[PDB]
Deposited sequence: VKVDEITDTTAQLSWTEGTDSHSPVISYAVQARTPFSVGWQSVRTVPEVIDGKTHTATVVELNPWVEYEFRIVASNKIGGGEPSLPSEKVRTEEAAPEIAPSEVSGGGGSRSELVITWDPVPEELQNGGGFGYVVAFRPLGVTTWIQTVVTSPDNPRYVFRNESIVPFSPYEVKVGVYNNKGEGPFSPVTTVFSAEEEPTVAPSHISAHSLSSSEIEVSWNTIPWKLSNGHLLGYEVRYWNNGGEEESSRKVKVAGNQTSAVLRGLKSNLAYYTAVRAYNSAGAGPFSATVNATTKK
């Protein structure tokens, strides 16, 4: 059972015959296709439709007779990769960033050494791509002062390896990191509801296109003697602090946040629980 010729998708073996095969990635042995498709009681044949740059063992079977000892561990020849990555997306991040992401391409599908990704991006409605090389962290961050906050980018990710280039993902749309809120909620107030609950109210903060999506408001509170925080949805504009101690003052202040961070805190106000 010897392997002589060897390519990226074919191997030549010599020894009714069937061929099994085994790789790091296969689960044990499986049949493989051959030339000839059928092997008449012919003492060589051609294993085909193999994966490039993948280590192989082969055994031969006559029939349901007892299988052969495996061949020497051989690795197939390399080739350009042929599968683009999936779930290309991204967004989020610190000011002046653009964050791009994708699911990683399996090692069996990389087809060679020196594998990596090409990340291509441009502001929506621009002609010049910027394409750069990155693994195995399937995340790319572009940093530049000039990046306009929360702008759409066209983004595609491709693959390559030492033997050449592979497909690109389809073009999809990704927004750059947003600018953080710069201002604080006006006219915050606080009244006691009971000896255990304080309600805090504030006003809607101005919001710009560059601020992206308002994730919510963070309410911080504390006392004196013996600190915490409650987050609240973005439509919400009010909050009840529960589980408080009786007859005691709390202080509190709010700020809005988005994916890029929090704005200044409002004024610090105070109310006192009953009893």
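- Unmodelled regions of the deposited chain, listed from N- to C-terminal end, are 16-26, 53, 76-79, 151-152, 245-248.
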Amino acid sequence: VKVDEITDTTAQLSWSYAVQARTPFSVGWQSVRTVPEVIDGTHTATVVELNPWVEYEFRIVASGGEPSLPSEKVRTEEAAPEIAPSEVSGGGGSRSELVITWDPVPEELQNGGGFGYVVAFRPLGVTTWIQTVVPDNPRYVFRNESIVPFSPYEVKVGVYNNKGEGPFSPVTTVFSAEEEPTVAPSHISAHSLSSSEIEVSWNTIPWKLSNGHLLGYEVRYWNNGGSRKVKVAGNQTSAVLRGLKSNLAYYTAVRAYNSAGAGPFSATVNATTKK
From here on, numbers count along this sequence of modelled residues.
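- As recorded in the PDB entry, 239-247 is the stretch of 208-216 and 239-247 with the greater mean C-alpha temperature factor.
- In this crystal structure, the stretch out of 160-168 and 189-197 whose C-alpha atoms carry the higher mean B factor is 189-197.
- Residues shown: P81, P106, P138, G125. Highest C-alpha temperature factor in the entry: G125.
- Across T252, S16, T9, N258, the entry's maximum B-factor at the CA atom is seen for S16.
- Per-chain ranking of the deposited C-alpha B factor places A184 in the lowest third.
- Sorting the modelled residues of the chain by their CA temperature factor places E154 in the lowest third.
- When all modelled residues of the chain are sorted by CA temperature factor, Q110 is found within the lowest third.
- Compared with the other modelled residues of the chain, the Cα B-factor recorded for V74 ranks in the highest third.
- Among all modelled residues in this chain, the alpha-carbon of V134 has a temperature factor (C-alpha) in the highest third.
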